[PDB]
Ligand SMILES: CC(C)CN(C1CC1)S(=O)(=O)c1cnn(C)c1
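One chain comes next, on its own, written as structure tokens: the form solved without the ligand.
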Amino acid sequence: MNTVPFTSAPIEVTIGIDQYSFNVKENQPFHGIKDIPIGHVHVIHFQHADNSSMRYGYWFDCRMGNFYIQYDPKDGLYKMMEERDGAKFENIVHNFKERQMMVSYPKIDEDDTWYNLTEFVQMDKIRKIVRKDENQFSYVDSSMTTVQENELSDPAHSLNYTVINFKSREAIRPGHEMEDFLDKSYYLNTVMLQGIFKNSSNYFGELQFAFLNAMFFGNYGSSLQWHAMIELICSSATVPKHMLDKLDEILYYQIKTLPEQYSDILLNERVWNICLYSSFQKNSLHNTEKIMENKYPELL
């Protein structure tokens, strides 16, 4: 079990760690988060009490280094940093644990939610979407735009998701205009899967990462990306059976985790009604269709 210590908590803040969250008061004796499960990526995120504007946070994997959080009073945010001195770090964590100044990652043992939401998400792939190679962790916030949004403005600070555009030469073969537009299997299977993602695991990982950035930071371009990657599958007549079954599981857990009160801003009515009721795959997402109809029947 790994630990992300905090130097201190000088400003009042709501702290998120994956799907959990807790409040820290200004100057409260808070020194971090312990018992973080090894084997998964994780996200530690922040919303300041005095400016709920800009949710921000850091994707990291404790197997890749010793990471800590320290408030920067100049840039006005909690920053993730790497401690290279392993003995310094172990000494710091032990002191903070002995003084019981850390919250424990509150995983219920029955509970596979975080695994199910991050099954295909890899830190190496996150770092290609979020370019900042001098760090092993990746910063994301509510306002960051995607490479595609920037084509329709700072490139260093963008989300480099894979561009999906259904009315693009990449998506449409000359001479198959109607066929490729009404049945996107070519675009999904040859262009995206064989060509760009190489396999369905990488595709699902980007899909899962897009959803999580939409949910945790209200990142609009991430929500667009999540829906586009769903729609490309649902609009393809020819999809491997294992991908459909896995997609149904992925989406089920995303819909299950979504705050009920954010359904209005995180779910695109057109895409979901199309996907569940009109698309080629309208009968292939049994688990997702059942949870959507029982949880958000308004949207449909």
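We number the residues from 1 along the sequence you see.
Just so it is clear, the following notes concern the form solved in complex with the ligand, a form of the same protein that is not shown.
Engineer: Please classify the binding site as open or blocked after superposing the ligand from its position in the deposited complex; blocked means at least 3 ligand atoms come within 2.4 Å of backbone or C-beta atoms of this form.
Structural biologist: Here the site is open.
Engineer: Give a yes or no for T7: in the deposited complex, does one of its heavy atoms lie within 4.5 Å of a heavy atom belonging to the ligand?
Structural biologist: Taking the distances in the deposited complex, the answer for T7 is yes, it comes within 4.5 Å of the ligand.
Engineer: Wondering, does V191 line up within 4.5 Å of the ligand in the deposited complex on heavy atoms?
Structural biologist: Result no; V191 lies far from the ligand in the deposited complex.
Engineer: Even though the ligand is not shown here, does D183 get within 4.5 Å of it in the deposited complex, heavy atoms only?
Structural biologist: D183 lies outside the contact set for the ligand.
Engineer: Would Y115 count as touching the ligand in the deposited complex under a 4.5 Å heavy atom rule?
Structural biologist: No - in the deposited complex, heavy atoms of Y115 and the ligand never come within 4.5 Å of each other.
Engineer: Any residue of 83 to 104 with a heavy atom within 4.5 Å of the ligand in the deposited complex counts; write them all down in order.
Structural biologist: Contacts from 83 to 104: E83, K88, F89, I92, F96.
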